[PDB]
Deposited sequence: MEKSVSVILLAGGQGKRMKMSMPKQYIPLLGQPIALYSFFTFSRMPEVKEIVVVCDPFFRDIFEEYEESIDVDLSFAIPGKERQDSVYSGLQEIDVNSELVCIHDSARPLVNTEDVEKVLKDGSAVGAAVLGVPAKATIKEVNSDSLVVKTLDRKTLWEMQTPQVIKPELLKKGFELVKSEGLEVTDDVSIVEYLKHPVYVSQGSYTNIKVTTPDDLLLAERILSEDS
């Protein structure tokens, strides 16, 4: 559905890597433009410090979405909630994206949007390549014989706004801890789909990442 999705673009982190260029363009703008071109996307709520607004506002008349801003909160989830208060009163779906993932492919965004529409909550993920284990408080491996297949979550995270709101309300009403980027939905009974993305959708955290990102962009 055209113009049914609101994007919350998380660009509130502080050194900032998401404004450093790749091929002359600030990292945040890559995903921003990917989303703007998609007919599905009605609006982009950028969550960023006022200082960086111009980075995005420069393109406002050139992009085929509405542009809005929200103020960052203290933790990532707070930034999500801030963006959430700015989305359209009738968008059917919210698409949360870390601006430090510039390389997300349109085709993968399309996938997670569809899955999110279908299921109600979906996140892009890839199978974890390393050997990963739970470790207990005595620093021992928690052993599994069964087939635990672990996936690394990326973004977008796509969710029906009502469902997200229900999660934030539960976490507030019960004072629940939020310890990774899917904790809010984990407290709900509603299913979360994992849409298979691409290993190229890396998050730029380190200086190493800047050249890797630039090197993928080479294509």
How would you list, in order, the spans of the deposited sequence that the model does not cover? 16-22, 227-228
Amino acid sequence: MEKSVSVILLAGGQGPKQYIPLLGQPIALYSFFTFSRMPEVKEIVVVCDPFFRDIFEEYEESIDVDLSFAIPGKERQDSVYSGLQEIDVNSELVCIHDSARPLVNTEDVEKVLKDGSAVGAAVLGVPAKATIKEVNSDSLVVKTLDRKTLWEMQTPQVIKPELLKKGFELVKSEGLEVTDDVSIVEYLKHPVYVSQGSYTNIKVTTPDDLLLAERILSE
From here on, numbers count along this sequence of modelled residues.
Can you check if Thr144 is missing its coordinates in at least one third of the other PDB entries compared, counting only those that model the residues either side of it? yes
Looking across the other entries that model both neighbours, is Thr206 missing in at least a third? no
Residue range whose averaged C-alpha B-factor is higher in the record, 96-104 or 138-146: 138-146
Select between 151-159 and 174-182 the stretch whose C-alpha atoms have the higher average B-factor in the entry. 174-182
Whose C-alpha has the highest temperature factor in the PDB entry: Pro191, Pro50, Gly167, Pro39? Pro50
Chain-wide C-alpha B factor ranking for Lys111, given as lowest, middle or highest third: lowest
Which third, lowest, middle or highest, does the CA B-factor of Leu9 fall in along this chain? lowest
Comparing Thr206 with the other modelled residues of its chain, is its CA B-factor in the lowest, middle or highest third? highest
Just say lowest, middle or highest third for the CA B-factor of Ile87 relative to the other modelled residues in its chain. middle
Going by the entry, which third of its chain does the Cα temperature factor of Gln25 land in? highest
